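Residue-level structural notes
As a plain string of letters, each chain reads:
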There are 2 protein chains.
Amino acid sequence: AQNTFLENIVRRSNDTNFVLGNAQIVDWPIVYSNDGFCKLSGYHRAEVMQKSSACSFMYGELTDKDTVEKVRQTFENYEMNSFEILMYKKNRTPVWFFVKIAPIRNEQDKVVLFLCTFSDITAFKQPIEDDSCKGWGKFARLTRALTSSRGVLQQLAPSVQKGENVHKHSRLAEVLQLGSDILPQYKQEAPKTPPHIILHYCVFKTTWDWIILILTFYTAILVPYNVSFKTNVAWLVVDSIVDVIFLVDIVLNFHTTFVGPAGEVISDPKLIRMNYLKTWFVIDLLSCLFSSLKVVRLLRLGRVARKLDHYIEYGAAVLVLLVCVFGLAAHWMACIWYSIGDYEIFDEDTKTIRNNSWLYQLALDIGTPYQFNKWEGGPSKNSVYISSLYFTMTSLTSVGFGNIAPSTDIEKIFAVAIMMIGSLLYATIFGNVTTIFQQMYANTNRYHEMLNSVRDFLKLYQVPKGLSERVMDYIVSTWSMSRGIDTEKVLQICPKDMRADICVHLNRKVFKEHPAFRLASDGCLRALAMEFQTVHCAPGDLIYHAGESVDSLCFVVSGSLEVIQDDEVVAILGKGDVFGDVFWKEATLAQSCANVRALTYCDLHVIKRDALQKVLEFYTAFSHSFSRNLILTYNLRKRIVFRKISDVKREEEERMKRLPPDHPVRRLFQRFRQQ
Amino acid sequence: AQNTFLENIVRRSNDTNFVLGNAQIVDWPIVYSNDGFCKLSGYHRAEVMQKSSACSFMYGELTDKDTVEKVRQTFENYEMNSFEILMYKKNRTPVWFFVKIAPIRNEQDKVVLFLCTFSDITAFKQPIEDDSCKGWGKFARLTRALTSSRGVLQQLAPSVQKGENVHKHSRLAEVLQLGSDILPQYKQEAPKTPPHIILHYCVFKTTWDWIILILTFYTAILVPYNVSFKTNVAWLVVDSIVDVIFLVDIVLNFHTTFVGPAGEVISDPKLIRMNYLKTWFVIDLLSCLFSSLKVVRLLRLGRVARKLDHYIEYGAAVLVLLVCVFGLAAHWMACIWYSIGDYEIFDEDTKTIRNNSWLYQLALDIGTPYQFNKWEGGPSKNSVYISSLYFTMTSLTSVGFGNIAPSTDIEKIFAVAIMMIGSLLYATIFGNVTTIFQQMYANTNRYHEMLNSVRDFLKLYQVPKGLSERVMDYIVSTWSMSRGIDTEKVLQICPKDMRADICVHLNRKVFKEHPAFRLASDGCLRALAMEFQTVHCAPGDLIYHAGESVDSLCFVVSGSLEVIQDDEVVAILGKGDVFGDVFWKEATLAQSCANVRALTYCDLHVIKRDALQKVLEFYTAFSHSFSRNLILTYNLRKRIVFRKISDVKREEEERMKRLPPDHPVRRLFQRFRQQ
């Protein structure tokens, strides 16, 4: 989803110059000029912009003012038109421009821009000079001006005569077909392929690829079973059905889109055809095709290579893939095993059984042995396939019972083959199970490693039982709350815009509730929220000590706090209360008067003095509003004088009961008088 | 454990306004006012706080002073009362407040706060104005004041008449029931559920979940054994016993607490019932329930899913879980194997044995074959279960001996099934063993990797044998001491309060023993200990070179040091000796006069000059005490002049033995005279 506005214009353009103006701003200021307009006008892009889209700076005394009034009327009524006006350049040469002005709509169908396309009718109108070396020189300057039409586009004209109307019609007809083609509408819309070209990540294409994965699995089950065991007519019916489906997939893989390394999407049918024909098309056509060649239908699962990169990333998905590959290879080498047994049981022209094959031993094991009439069969075909899959499963699972077990020469060659293949299939199943378990236990074991390091540290340094239980409680609580998420790292992945917007959403509990912040600009809100820090505190986990530096005013967005000065609660802070020190007015660091113990699990939103002062020095219009609207709930700097009632009572009891010292004492008293 | 003091008040309150005062501070200063009191009083929270809890700022000339004296008596005797007083607002409107004053106890049952709850009796007393637009306007202002009672709570009153006493009784009876309900006592107590609701992490509930895990294991062993092998009356007795226990678990899972993603605990019985009925209750009731349905008692181990998240994290615990799951699945598919053999041995109505099944081959193997009378049995039922568990264990362990080995059609279908299941069970056992070994060898192999990098570095850069052995000795010694604990990282996990308190405990060996630090404030102690660095040194591993910058005064908290100036020991530093340079008085960096070699394994506690100067500039009252009480044991800055006895002896021997040079020499001499 993008707004590919300019790219459409320069794609359809073929070297035509244009500028864009506003359709809602008075005098219609130029917002964009392409480089060809900078070459044609003789100006920079900086001096062209914020001039009028009617090119008022190119007007002159030779310009007809009624054409100017028609152009301004065209801008006033928002209609497509075209005009031919003598306008000036930066070197003031009279140039007969062909303008083609067109409004540009919105997604909401409101006109928002004026696209005006430019060309030159200098050679086709007349030469006029205020002063020149020659009439020939004025003609030469006119031919050097009118270049993009005559020298490039209208090249079949100047051999022929009477070409003025024809060249004007060609140059205007390019823009006239563009008047329906380039209506680019200035919308951030989704990029589209031409129709009859289906998308790669489409829902229909995804379920189509899933049902063709199911059908490749179907054919890989059934085709070796058919060619090995030599079996109705509904099976040929569904064979024709799945062949039709695979040829429909041939057509769909011809018509689909594609992802390359540089091109994230592919839109062109010749591009997808050239990408198709090298790799995929020849093996898929070799699959989609006398009976002995039917094994090449096993190349159908070559297109499961396309699902390869869909599900090669996920560990459980590649485990499910390898379990299916294990069972499929079991069926394949079961069919190979039956083919070997059926070869070996009647490899002799003398019709001898040789008394030794897995087929004959399976028959003699289960009953119904072989006998001749002819040569009457022994075991059932379904029982033979069941036992053959059983044998191949015993050899692939490395179980190896040995009921069905190889006993002749090519049987043991195949046994060596299946065991060396099944070793590696069993190993790769074990490897993906181990990889699944390590990638599913890594985030647990790193947490347990951090926790064991902390427990060993607090055991080693003889930290007391209360403080160590406190630290361990904090660590398990913040892990259970945060789910092991480094919030700084998750912010660092994002760019600066998303980082600021995420931080504004995190500190919305301050910025929507405080009257100091209800006047904040959007940029000031970003610049504040990038320096805010949300701080969670446990009950009894105090924030400021007595005498600690108060460098951070905190907004209690959740929970409750108490302010203990001299063992006495002085202020309870609730939801949406601001404490700390008034930094912008104090301009000095002070020690905290009082402890700030936390009553409940509380969420504060602190902000350091240096960061807040940076933001308030940069947003000078906001800083006065902050100073006028942020009343601190509790100044931690100011000392609150009081008396305890118990001490006042005891002093009243003592007042009811009741110069050599004064000379080293009144001195100090006078010092306090000077204080 | 928290002190949910305000939340209880605003939960029971239903929009009643209140302030809190101190019960031990004279004049009873307001420590908290809710937002409704800010709306009612017409003030901010900042101007209300530190005023008296009797609302002295709202007194006026129309206020009766004897009601004031009764209120101050109520504050003096610490008793619950209620009063109706005309008090002023910020816009000085006379308001008939209903106060309800109540003391608030402690966990130690001492009164510590005054909660006074507020309401309006403005409409119910009288209109009185100093000046007004109208008596009707004064009535309108009174109706706008008395809002929270009449417009909201007392809404059944104003249709009826004679409602004054009734509305006053209702508004005071809310607070009168609250006078027993909200006695919130201001204690950091544990949060409690209502009784007959049992805790999640409780010790009784944990051992209950463990015995029900044991019983689910019991039923998963016995129920397939029963339904497969078709077995007294004490077994039905213990069946009824365990069914009673499972229904007791139904009741307990109805009445327990619960943990959600947002809610860490759940206290409500309707909440736990609604959480129960979707997922757990329907499958547990399907479990806790003609004989052919007994297999659904295997759904009892669905509640072992609840222990899932108790022990899915620990690697050895999930290995023990998977070993038990392996053995349990062995027993299950052993029962399935016996059921298949018992089906296949008499699948014929002709009572033929077919000469081929694992049961018949096991009978013919071990003796006592099958014979008919009727059809007399072969092997013992216990021997059949033993051999069936043996077969299923051979197929799950991928051993596959082949005594007992499948030979018929559905037997080999089951064999393929058990081998494909046992492959993945064997793989996941192998994966958890590999994960256990990697997470138990990671902290060893990262240490060996660091040590190998160091040995390769000291081999590569041709560092000499003595220095390389020294570095390697340091590295293995600090690993054996620290157990591989990044002390900076373990501090960084903690918040600022716990970080400071841990650092104060780490530097307690300085802060309890030094007379310079016995005057330190608590905040100054935190601000010092966050910048202290404990430094361990090896014997012969010197700290300061000759001429090195002395930017850190060190406290030798353990071990002994020697100070070598010019190959001569000048001072031995023992436990609790401070050396370095007197930074606050010097205010310049100097070179060290002498080497400071370490005698034993010593622990110093250094602190850099810049950090110490920051702390002493911020704690100006502490800095003078530090300067007066910290005598440096050895000034490393000052040069100590002396003479060696051997050189004095040799010079005495030479003194007993004994202008063209002076002109380039006496000049220098005079320079030294100007020095």
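Residues numbered from 1 in each chain as written, not as in the entry; some residues may be left out. Chains lettered and ligands numbered in written order. Part of a larger assembly, values for the part shown. Heavy atoms only, no water. Residues with missing side-chain atoms left out of burial classes, pairs and counts.

This paragraph deals with the overall build of chain A. Helix and strand counts for chain A come out as 26 helices and 13 strands. For 675 residues, the compact-globule estimate of 2.2 N^0.38 gives 26 Å, and chain A exceeds it by more than 25% at 43 Å. (Helix = DSSP H or I, 4+ residues; strand = E, 2+ residues; numbered from the N terminus. Rg over C-alpha atoms; globule rule 2.2 N^0.38 Å.)

Listed per partner, the contact involves 80 residues of chain A and 80 residues of chain B. Contributing elements (two or more residues each) for the side of chain A that touches chain B: α13 (315-345), α14 (358-366), α15 (381-396), α16 (409-460), α17 (465-482), β9 (568-573) and α25 (645-657) of chain A. (Contact = heavy atoms within 4.5 Å.)

Moving on to the packing of aromatic side chains. Any pair of aromatic rings gets described here by the distance separating the centres and the angle formed by the planes. Residue and element names in this part refer to chain A. Their ring planes at 40 degrees and their centres at 6.0 Å tell us that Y78 and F114 sit as a pair that is tilted. In this pair, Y78 sits in the loop between α4 (65-77) and β3 (81-87) while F114 sits in strand β5 (residues 113-120), placing the two residues 36 residues apart along the sequence. When the centroid spacing of 6.5 Å and the interplanar angle of 80 degrees are considered together, the rings of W210 and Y311 count as edge-to-face. A network of ring pairs unites the aromatic residues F511, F517, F532, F555, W584, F622 and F626 as a single cluster. (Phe/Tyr/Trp six-rings, centres within 6.5 Å; stacked < 30°, edge-to-face > 60°.)

Turning our attention to the sheet that holds strand β7 (residues 552-558) of chain A. Residues and elements named next belong to chain A. Strands sit in the order β6-β12-β7-β10-β13 across an open sheet of five strands; the sheet is mixed. Each end of this open sheet is capped by a strand with a single partner; those strands are β6 (533-537) and β13 (634-635). Taken strand by strand, helix α23 (residues 609-618) contacts β7 and β12 (602-608), and its axis lies near 60 degrees from that of β12. (Pairing = 2+ DSSP bridges. Axes fitted to C-alpha atoms, helices over the stretch in contact; angles between N-to-C directions.)

All right, on to the UniProt feature "domain: PAS" in chain A then. Following the UniProt record, one finds the feature "domain: PAS" at residues 2-82 of chain A. Taken end to end, residues 2-82 of chain A has its terminal C-alpha atoms 30 Å apart, with 41% of it in helix and 15% in strand. (UniProt positions renumbered as here; feature names shortened; annotations may be inferred.)

This brings us to the sheet that holds β3 of chain A. All names here are of chain A. Pairing within the open sheet is antiparallel, and its five strands lie in the order β2-β1-β5-β4-β3. Single-partner strands in this sheet number two, and they are β2 (30-33) and β3. Going across the sheet, the axis of each strand differs from the next one's by a mean of 25 degrees, ignoring polarity. By the bridge criterion, six bridges tie strand β1 (residues 17-22) to β5 in an arrangement that is antiparallel. Bridge pairing links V19 to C116 in β5.

Moving on to the relation of the copies chain A and chain B. Taken as rigid bodies, chain A and chain B are interconverted by a rotation of 90 degrees and an axial shift of 0.0 Å, the fit giving an RMSD of 0.0 Å. Here the two chains are linked by the operation of a four-fold rotation axis. Little of the interface of chain A is mirrored in chain B, where only 11% of its interface residues are also at the interface. (Least-squares fit on C-alpha atoms.)

Here the focus is the environment of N629 of chain B. Checked against the element boundaries, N629 of chain B lands in helix α24 (residues 620-629). Sequence separation between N629 of chain B and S482 of chain B is 147 residues, and the spatial gap between their C-alpha atoms is 34 Å.

Once that is clear, we can look at helix α15 (residues 381-396) of chain B. Residue and element names in this part refer to chain B. Between its first and last C-alpha atoms α15 spans 22 Å; for 16 residues at 1.5 Å apiece the expected length is 22 Å, and the two agree. If you check the start of α15, you find a side-chain oxygen 3.1 Å away from the backbone N of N382, and it comes from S380. Two residues or fewer past α15, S398 is found with a positive phi of approximately 55 degrees. (Expected span 1.5 Å × (residues − 1). Polar contact = N/O pair within 3.5 Å; in protein donor to acceptor, adjacent residues only side chain to side chain.)

This part covers the pairing of strand β12 (residues 602-608) of chain B. Residue and element names in this part refer to chain B. Bridging between strand β6 (residues 533-537) and β12 involves five bridges; their strand directions are antiparallel. Among the inter-strand pairings, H536 is bridged to a residue of β12, identified as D603. Sheet analysis places strand β7 (residues 552-558) next to β12, joined by six bridges and oriented antiparallel. Looking at the pairing, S552 lines up with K608 of β12.

In this structure, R354 of chain A engages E344 of chain A in a salt bridge whose closest nitrogen and oxygen atoms are separated by 3.5 Å. With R354 of chain A in the loop between α13 and α14 and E344 of chain A in helix α13, this residue pair connects regions lying 10 residues apart in the sequence. Between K90 of chain B and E47 of chain B there is a salt bridge; the shortest N-O distance is 3.3 Å. Highlighted residues: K90 of chain B in the loop between β3 (81-87) and β4 (95-104) and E47 of chain B in helix α3 (residues 45-48), separated in sequence by 43 residues. One salt-bridge network, in which partners are shared between bridges, spans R470 and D541 of chain A together with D497, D501, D522 and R526 of chain B. (Salt bridge = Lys/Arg side-chain N within 4 Å of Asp/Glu carboxyl O.)

The next point concerns the pairing of β4 of chain B. In summary, the side chains of a regular strand alternate between the two faces of the sheet. Residues and elements named next belong to chain B. Where β3 meets β4, seven bridges bridge the pair, whose relative direction is antiparallel. Within the sheet, the bridge partner assigned to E84 lies in β4 and is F98. Sheet analysis places β4 next to strand β5 (residues 113-120), joined by eight bridges and oriented antiparallel. Opposite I104, over in β5, you have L113 as the bridge partner.

Moving on: the packing of α23 of chain A against helix α24 (residues 620-629) of chain A. What describes two packed helices is the angle between their axes and the distance between those same axes. Residue and element names in this part refer to chain A. Their axes nearest at 5 Å, the elements α23 and α24 cross at an angle of 120 degrees. On the basis of their axis angle, the class for α23 and α24 is oblique. Along its contact with α23, which presents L612, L616, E617 and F618, the element α24 presents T620, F622, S623 and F626. Residue composition of the contact of α23 with α24, by class: five nonpolar, two polar and one charged. (Parallel < 35°, antiparallel > 145°, perpendicular 65-115°, else oblique. Nonpolar A, V, L, I, M, F, W, Y, C, P; charged D, E, K, R; others polar.)

The next thing to look at is unusual backbone geometry. All names here are of chain A. You will see that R92, though not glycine, has its phi angle at about 65 degrees, which is positive. Its location among the elements puts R92 in the loop between β3 and β4 (95-104). Unusually for a residue other than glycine, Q462 sits at a positive phi of about 55 degrees. Mapped onto the elements of the fold, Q462 is located in the loop between α16 and α17.

On to helix α11 (residues 269-287) of chain B. With 19 residues, α11 of chain B ought to run about 27 Å at 1.5 Å a step, yet its terminal C-alpha atoms sit only 23 Å apart, falling short of that. At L277 of chain B, α11 of chain B shows its strongest bend, of approximately 65 degrees. (Bend = angle between axes of the 7 residues up to and from the residue.)

Let us now look at the side chain of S228 of chain B. All names here are of chain B. Inspection of the secondary structure puts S228 in helix α9 (residues 203-229). A distance of 3.2 Å separates a polar side-chain atom of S228 from the backbone oxygen of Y225. Those residues in contact with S228 that sit more than four places away from it in its chain are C335, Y338 and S339.

Residue and element names in this part refer to chain A. Mapped onto the elements, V295 comes out in the loop between α11 (269-287) and α12 (304-308). The sequence separation of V295 and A316 amounts to 21 residues, and the corresponding C-alpha distance is 30 Å. Excluding residues that lie within four positions of it along the chain, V295 makes contacts with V223 and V227.

Residue and element names in this part refer to chain B. Packing of helix α16 (residues 409-460) against helix α17 (residues 465-482) brings their axes to within 10 Å, and their N-to-C directions diverge by 165 degrees. In terms of orientation, α16 lies roughly antiparallel with respect to α17. Judged by the sense of rotation from one axis to the other, the crossing of α16 with α17 is right-handed. Touching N443, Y447, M450, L451, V454, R455 and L458 of α16 are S468, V471, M472, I475, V476 and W479, all from α17. Per-class residue counts for the contact of α16 with α17 are 10 nonpolar, two polar and one charged. (Left-handed = near helix turned anticlockwise from the far one by under 90°.)

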